[PDB]
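Heads up, the thing below is written out as structure tokens.
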Amino acid sequence: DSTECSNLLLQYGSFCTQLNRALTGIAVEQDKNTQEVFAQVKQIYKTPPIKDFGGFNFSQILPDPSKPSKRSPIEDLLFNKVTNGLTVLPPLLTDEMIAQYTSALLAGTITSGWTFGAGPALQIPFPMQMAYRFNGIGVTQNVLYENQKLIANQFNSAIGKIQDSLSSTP
Amino acid sequence: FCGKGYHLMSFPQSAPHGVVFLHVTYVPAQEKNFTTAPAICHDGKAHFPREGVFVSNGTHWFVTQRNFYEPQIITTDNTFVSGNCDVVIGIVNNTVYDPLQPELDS
Amino acid sequence: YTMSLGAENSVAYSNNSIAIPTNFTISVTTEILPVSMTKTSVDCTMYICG
Ligand SMILES: *[C@@H]1O[C@H](CO)[C@@H](O[C@@H]2O[C@H](CO)[C@@H](O)[C@H](O)[C@H]2NC(C)=O)[C@H](O)[C@H]1NC(C)=O
Ligand SMILES: *[C@@H]1O[C@H](CO)[C@@H](O[C@@H]2O[C@H](CO)[C@@H](O)[C@H](O)[C@H]2NC(C)=O)[C@H](O)[C@H]1NC(C)=O
Ligand SMILES: *[C@@H]1O[C@H](CO)[C@@H](O[C@@H]2O[C@H](CO)[C@@H](O)[C@H](O)[C@H]2NC(C)=O)[C@H](O)[C@H]1NC(C)=O
Ligand SMILES: *[C@@H]1O[C@H](CO)[C@@H](O[C@@H]2O[C@H](CO)[C@@H](O)[C@H](O)[C@H]2NC(C)=O)[C@H](O)[C@H]1NC(C)=O
Ligand SMILES: *[C@@H]1O[C@H](CO)[C@@H](O[C@@H]2O[C@H](CO)[C@@H](O)[C@H](O)[C@H]2NC(C)=O)[C@H](O)[C@H]1NC(C)=O
Ligand SMILES: *[C@@H]1O[C@H](CO)[C@@H](O)[C@H](O)[C@H]1NC(C)=O
């Protein structure tokens, strides 16, 4: 609040304007980064109420209705594990809307495959989507169909191990 | 990476201090519902599509390419056999045509 | 107002139904990328002292 200091600071010209403009550019750049990463879909997709995906379990990654924040258990664990002229501007997207964007992406990639990323969301059964992915890596569809229960069990076990590893490693 | 949709090709254009890419992409449109199955059960054998997907318009089963609706008769030339019908979950019963069958029939 | 993320779309997922496209659109989109800047050189002695 010193007026003499500001009068002497005016002799140095537009340094303060350059610093403010650089910080403003960084601040809008953070929002642009979040917009580029998470807002890659313009349709908010939802999973069906019945979670019949041919034995595949997505409860650890789908949003929990019991939680007020509408986050997944993995996302809830991730949010729990992160702990003079200065102002902090709030982010343009709140954590709830970023969680909603991830929920839309998860619903699209579960119910529609990769079709929603290239155009309209075309529904496909998940054991057929998995078979298409198997054909993408050069493994025949029959291998997926014959061993669908084992692959679903392995996927659920791996997702649980992911949650345990995140909960057990600082 | 090269536009929204399935990328076909791209064109470069010069711009002042920059480049403009015209991305020509393929977007699917006018989608239609069909009843689908993982495999076709015929003669105690499971048939799986070589490159397409089994679809049904309500009464008849066909095989079509995944990114465009072009129904074709389910034959031995566009399907492959692996195992019996007891393992695949959701296998349905339908006939599988054989192109060689009218040749020895006649 | 509070922003709307996108128009709501519920995909009709079921265990035995698929959606197959019957048509297509050839879509051309623009992507603008900067390549270079103006090449500037400053005579340090002339700028500071003339
Ligand atoms: C999907 O996985 C979830 C979690 O892994 C399963 O929920 C568990 O169900 C058992 C049996 O009712 C409970 O004892 C656990 O406490 C539940 N875990 C949690 C985190 O709630 C769920 O049963 C699985 N299957 C389906 C069809 O959702
Ligand atoms: C599903 O498609 C098949 C083949 O296009 C349809 O079968 C045809 O139905 C017409 C209408 O009566 C007949 O004139 C043709 O002779 C049929 N073709 C064959 C090979 O049988 C079938 O009706 C369609 N089903 C539905 C519900 O649209
Ligand atoms: C598809 O065809 C198979 C083979 O004919 C059917 O399996 C038969 O089901 C009946 C009814 O329970 C049994 O009595 C037969 O012994 C079964 N045969 C074999 C070889 O397993 C099957 O039910 C048919 N599915 C549909 C939906 O019609
Ligand atoms: C395929 O069938 C589904 C189920 O009938 C259609 O989904 C419905 O679309 C209407 C139109 O807006 C909605 O009011 C219903 O709520 C939808 N049902 C569900 C369960 O979401 C779907 O539109 C059909 N697809 C095509 C291309 O006709
Ligand atoms: C596929 O979509 C194209 C649009 O790109 C359809 O072409 C139009 O068809 C109508 C009906 O006769 C004409 O009035 C328009 O002038 C056509 N547009 C163009 C650009 O040619 C085409 O008919 C659609 N095909 C199917 C099978 O749905
Ligand atoms: C789909 O689910 C129904 C129960 O809602 C079941 O009767 C049917 O066999 C299932 N089909 C497949 C292919 O899993």
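Please read every residue number as a count from 1 along the shown chain.
Method of determination (from the header): electron microscopy, 2.8 Å.
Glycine is no exception: its Cβ is also placed from the backbone N, Cα and C atoms.
The N-linked glycosylation site annotation in Swiss-Prot covers B:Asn33, B:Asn57, B:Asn93, and the record cites experimental evidence as its basis. The disulfide bond feature in Swiss-Prot is assigned to B:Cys41-B:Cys85.
Among the glycosylation sites B:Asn57, B:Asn93, the residue whose Cβ has the fewest other Cβ atoms within 10 Å is B:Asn93. Here B:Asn93 (N-linked glycosylation site) is compared against the recorded positions B:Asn33, B:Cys41, B:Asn57, B:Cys85, and the shortest C-alpha distance is to B:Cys41. Around B:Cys85 (disulfide bond), taking its Cβ as the centre, 17 other Cβ atoms fall within 10 Å, counting all chains. Across the fold, the C-alpha of B:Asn33 (N-linked glycosylation site) and the C-alpha of B:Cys41 (disulfide bond) stand 22 Å from each other. Proximity to chain C (Cβ-Cβ under 8 A) holds for none of the recorded positions B:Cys41, B:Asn57, B:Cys85, B:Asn93.
Take the recorded positions B:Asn33, B:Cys41: by the count of other Cβ atoms within 10 Å of each Cβ, the lowest one is B:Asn33.
Taking a Cβ cut-off of under 6 Å from any atom of ligand 3, the recorded positions B:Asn33, B:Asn57, B:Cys85, B:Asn93 reduce to B:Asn93.
Checking the recorded positions B:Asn33, B:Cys41, B:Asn57, B:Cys85, B:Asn93 against ligand 4 with a 6 Å cutoff on the Cβ atom leaves B:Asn33, in sequence order. Among the recorded positions B:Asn33, B:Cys41, B:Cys85, B:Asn93, no residue has its Cβ under 6 Å from any atom of ligand 2.
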